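Scroll down for the structure; my scribbles are underneath it.
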Amino acid sequence: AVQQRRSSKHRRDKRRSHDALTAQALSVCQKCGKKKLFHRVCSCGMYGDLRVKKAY
Amino acid sequence: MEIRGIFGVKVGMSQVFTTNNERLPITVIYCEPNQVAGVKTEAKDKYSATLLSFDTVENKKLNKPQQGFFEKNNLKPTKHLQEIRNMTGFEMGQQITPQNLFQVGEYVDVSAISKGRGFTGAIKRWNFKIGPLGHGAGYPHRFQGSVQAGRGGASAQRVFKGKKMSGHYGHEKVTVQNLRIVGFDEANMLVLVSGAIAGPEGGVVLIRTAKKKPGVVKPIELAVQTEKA
Amino acid sequence: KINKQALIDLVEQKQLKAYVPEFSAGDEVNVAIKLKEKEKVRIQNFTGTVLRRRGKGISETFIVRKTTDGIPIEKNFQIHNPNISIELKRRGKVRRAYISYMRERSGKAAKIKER
Amino acid sequence: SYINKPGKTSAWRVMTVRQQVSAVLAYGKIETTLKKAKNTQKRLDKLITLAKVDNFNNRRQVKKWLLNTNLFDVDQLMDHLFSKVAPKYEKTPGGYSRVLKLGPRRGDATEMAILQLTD
Amino acid sequence: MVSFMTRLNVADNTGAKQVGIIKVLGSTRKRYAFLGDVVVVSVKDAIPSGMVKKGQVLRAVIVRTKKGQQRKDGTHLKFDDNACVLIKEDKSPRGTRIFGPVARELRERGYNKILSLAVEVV
RNA sequence: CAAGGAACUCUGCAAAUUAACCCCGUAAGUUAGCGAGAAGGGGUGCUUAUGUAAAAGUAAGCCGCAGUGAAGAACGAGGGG
RNA sequence: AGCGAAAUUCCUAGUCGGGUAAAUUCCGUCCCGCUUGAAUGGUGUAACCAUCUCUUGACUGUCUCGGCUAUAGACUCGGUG
RNA sequence: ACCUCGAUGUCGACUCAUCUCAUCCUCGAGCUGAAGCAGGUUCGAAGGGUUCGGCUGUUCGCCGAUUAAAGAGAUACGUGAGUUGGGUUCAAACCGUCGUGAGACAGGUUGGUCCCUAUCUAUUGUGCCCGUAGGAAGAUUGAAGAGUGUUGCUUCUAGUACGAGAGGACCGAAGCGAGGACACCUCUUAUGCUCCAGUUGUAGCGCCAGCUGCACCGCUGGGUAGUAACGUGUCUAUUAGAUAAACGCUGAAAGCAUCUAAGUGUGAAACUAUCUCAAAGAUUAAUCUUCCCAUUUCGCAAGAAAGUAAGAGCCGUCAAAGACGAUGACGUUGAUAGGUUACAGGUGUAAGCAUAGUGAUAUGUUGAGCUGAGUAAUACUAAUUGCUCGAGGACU
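Residue numbers (our numbering), protein chains in the order written: chain A, 445 to 500; chain B, 486 to 714; chain C, 158 to 272; chain D, 84 to 202; chain E, 1082 to 1203.
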């Protein structure tokens, strides 16, 4: 519908308070030393000890 | 006291022929001899009840405080914990089988957490009509209908509390009464109860004593095949 | 706890028959029903062919039809139902195990037997 | 809304699963959408299972989800299949494919996962 | 399923050809027909040499419904036509020749004249 | 999409039915043009033969629950102003 | 003159009939036509009307009587906005 | 003509109802020109619900059949930021009339365009944060609440009473149903797009065969789980109290009488508990139980660094869940999901081969072959050999 009265700054603030985002997971890759995200692939490509993707 | 109760899991539903030539709908419930884990007195504890436990598993999976309480009580480590209000027919440290407790001719009450569904429409929930299609319907032609109560400043200007509004269906305890008992299995320990059971496939069920007719016991016996060629 | 979904048959074993004739889609059979009254239980003989067979356990059913005074009547019957008697006389030649078209087809709806 | 792209019909799903099963058995590795893989592996290893019998009717069957690729043609690729990938995994029951998720896309952050087959 | 505004047949020899349901007996909007239920009909087509002529409103009982109904014995029987028997304001039917099948869910409801004069009971 | 066939509605809106081919059959009205493709019918698959130039036609057998099997095909009648 | 409670009526839901389960609209009829009425034409009229209205044949999801199936949405995520 | 003409969309109907009794009913009682029966009047009682059609655009109105019962009314003659419009209510007009004239009719008739992507409040669910005086985990009662209590028919009690004959019961029980509310897919269906069988046209896979693409999922016949129903299963009770209209016992003022003035009773589906579900944000933040810990050294006069080992969260597997979040189960100490195998079920006699048959075709291989989601084993694969918050019982 159409607004009747203008929305105040503090209503904007309170609606934006739940309109934010959280952080993300992170982990260490043993062989390819890199601070990778948990249960993802590493910079060199090995998600586990397995790296079928090209290292380039 | 006089209204007893037990815990089960609906493992299926069947049809069984009965005396007087009637095909009665049947439901099979798996029911272990449940483990009592505390009694509450109507006078000292201000109300009588019995805390009951079932579905024992390996102690490794269970959380520490629960298993510690079980070890203090020194009974089996179980995952399912609940209560039955005002049941004192037995004592502590006993496993109760419904075969020895309930009768094969008793009318019973059954409650069960109903099937989870998500958000539901008013048409489904309160059986409202679906609007017609001809003569001009408008793309809204199936909804919760009118909610108008009053127009003008001093008429209503308000939404009522308890207004019939679409919401979430299921996942709540439903009450069906007068269910019958037909069949016992001891080697597999299954109970057959007339009718059907609400909720999804494989839910926890209260088999509880019927308040209205607790004293009635009528017999319903089976039939035997006697043919061969 | 440990679930089976197979003990359903074990608890249904309490009501089973030990004869169980074969029926797929073309058996011309007369079926008898022991209709119980207060006295002199009657034996009804109802003849016809079977259209299709559906079953999972005790829930096994078949179809059978008669045509009397121009009026046809078709009835389903559960196999494991007591007070029922089945005596087969003809085996037919059909192509599909699920057929239902005698509902519409007119007189001379009979089918040749399985040679 | 009303008239637009023909939508994501079941025929679209059949076409896709055929296309990337041919693609994976052609080369052996695909980065693709997570759920597309997750419902593709079943058809993959079902075909692998039915191909380890080496029967002409089973070959007629496995013709039914394959098209040619840019590297070989259907006959040569199925001969390659029967020659090496079936003898590789004839012994082990199940587990005929592996998948591991990749990083989120810069564009839409969609779920890439790399699908491949090895011991 | 069978209800008001339903041109059905007649299972009786009464000099009539076609008849339509005019209302269903029962309070609180019964609006539905089931086997053995007494209802009210009106003739739409009839023979000139019959006891009734078009426009007459009479009362009857459904004997056969196309959908049929499940019986309490555990079996369900399907019919292939919609016919009614005419009853003259008492337990006796209007007609004098009951030919064809008839529902058995009405034996316990009385009206045994039709049962005794029926060619068959199913 | 079971089951009724107009009970909703100001209206059978819409929806639904029919559908093409060939060959049957087609009232009244009347200005003798029409009505009219009125209405109301049937059937159309494969194989072989008869077959003419192909195609119709016919004979015989066979498959299938139904065969312009898929798509492209007027639903009518009456009466009033 | 013709015709007529009809695109013509105010007393009218006028008399009655015909069909219709039951008919202010449907068809006919009575003629008192508050004021029909004759080239602002009128009385009937064959075919026809993307015309108005009624009854009826088949037909059904408009209704008892709702539910499903997949999409494009909404919804969530990422991008402009 | 007072809000209101710098807009209050101006009749319903469709669905949806809410509320009062100045009761339609079943409920109870009183009285009768109340033999019974059928009645009529009044009071209390609003707990429940109270039809389908025909005409008309419809209210109203009448007609037909029901039904225990067709209520009275209001809520902008209820309700369009829910639907649309039958016409009054733009012209286009047509007919009758009025007026010399254009035009005019609360005169009739034909067709005649309905916008809105919810900001607040309130509502149904749903979450994050904190909270309730250590934390976590469970189990709890429940002040305030919510839904809900409709009855019909038949038989017997019994042609007993009433009565004269006909007519013809109330109290109760039983059985059978209607409508509505409460679930399920075991019987029944209906759908059932990675399922099965068949089939046509065409494009193809080099020819035939066998398969795929499109033709509504091409179509036809079905069908796994699932989803619901027209289907089953359940229910409308019953109990106790205060009672209302009411009838009272006793019994005074008012020596008799009197239901009241002392005490006290029975009495309605009305009311309250009992019937069924939620429910400690109920700040009055309530109860019980269990587990974890309580740890050298100081202040602007003091608890500063190991910050659980309890747990929770991040992530993944998924689904009895699911708008997303959450919810529920599982993560090498695991069968959580996927896979294989096996089973059930369904489709229905696969391909291929031989024979009969020059030919469609039929037979045997065969209850063969195939099967998306059902069922169980099975670490064969994926859920990692991970990260964050989080342990001093304060005070009188």
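Where a beta carbon is used, it is the ideal one built from N, C-alpha and C, also for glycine.
Can you tell me whether residue i is helix, strand or coil according to DSSP?
| i | result |
| --- | --- |
| residue 498 of chain B | strand |
| residue 1178 of chain E | coil |
| residue 668 of chain B | strand |
| residue 490 of chain B | strand |
| residue 165 of chain D | helix |
| residue 156 of chain D | coil |
| residue 540 of chain B | strand |
| residue 179 of chain C | coil |
| residue 462 of chain A | coil |
| residue 658 of chain B | strand |
| residue 247 of chain C | strand |
| residue 715 of chain B | As shown, chain B starts at 486 and ends at 714. That puts residue 715 of chain B outside it, with no answer to give. |
| residue 257 of chain C | coil |
| residue 1097 of chain E | strand |
| residue 483 of chain A | coil |
| residue 124 of chain D | helix |
In the DSSP assignment, what residue or residues form a beta bridge with residue i?
| i | result |
| --- | --- |
| residue 513 of chain B | B:497, B:677 |
| residue 1104 of chain E | E:1121 |
| residue 229 of chain C | C:224 |
| residue 1165 of chain E | E:1091, E:1143 |
| residue 581 of chain B | B:519 |
| residue 473 of chain A | A:478 |
| residue 92 of chain D | Per DSSP, none; premise fails for residue 92 of chain D. |
| residue 603 of chain B | B:654 |
| residue 1086 of chain E | Answer by DSSP bridge pairing: none, since residue 1086 of chain E is not bridged. |
Rounding to the nearest angstrom, what Cα-Cα distance links residue i and residue j in this structure?
| i | j | result |
| --- | --- | --- |
| residue 138 of chain D | residue 174 of chain D | 18 Å |
| residue 1196 of chain E | residue 1118 of chain E | 15 Å |
| residue 205 of chain C | residue 221 of chain C | 5 Å |
| residue 513 of chain B | residue 657 of chain B | 21 Å |
| residue 686 of chain B | residue 1134 of chain E | 59 Å |
| residue 536 of chain B | residue 498 of chain B | 28 Å |
| residue 120 of chain D | residue 588 of chain B | 55 Å |
| residue 1088 of chain E | residue 262 of chain C | 23 Å |
| residue 675 of chain B | residue 666 of chain B | 11 Å |
| residue 456 of chain A | residue 127 of chain D | 51 Å |
If you count every other CB in all the chains shown that lies within 10 Å of the CB of residue i, and 16 or more means buried, which is it?
| i | result |
| --- | --- |
| residue 275 of chain C | Outside the shown range of chain C, which is 158 to 272, sits residue 275 of chain C, and nothing can be said about it. |
| residue 92 of chain D | exposed |
| residue 499 of chain A | exposed |
| residue 450 of chain A | exposed |
| residue 507 of chain B | exposed |
| residue 1100 of chain E | buried |
| residue 237 of chain C | buried |
| residue 1086 of chain E | exposed |
| residue 147 of chain D | exposed |
| residue 693 of chain B | buried |
| residue 1127 of chain E | buried |
| residue 198 of chain D | buried |
| residue 563 of chain B | buried |
Listed from N- to C-terminal order along the chain, which residues in the segment 667 to 691 of chain B have their beta-carbon within a distance smaller than 8 Å of any beta-carbon of chain C?
-> 668, 670, 673, 675, 677, 687
Residues of the segment 495 to 509 of chain B whose Cβ lies closer than 8 Å to any Cβ of chain C, in chain order = 496, 497, 499, 500, 501, 502, 506, 508
Members of the segment 227 to 248 of chain C that neighbour chain E once the beta carbon cut-off is set at 8 Å | 227, 228, 229, 230, 231, 232, 233, 234, 235, 238
Interface residues of the segment 1150 to 1162 of chain E facing chain C [CB-CB below 7 Å] | 1155, 1156, 1157, 1158, 1159, 1160, 1161, 1162
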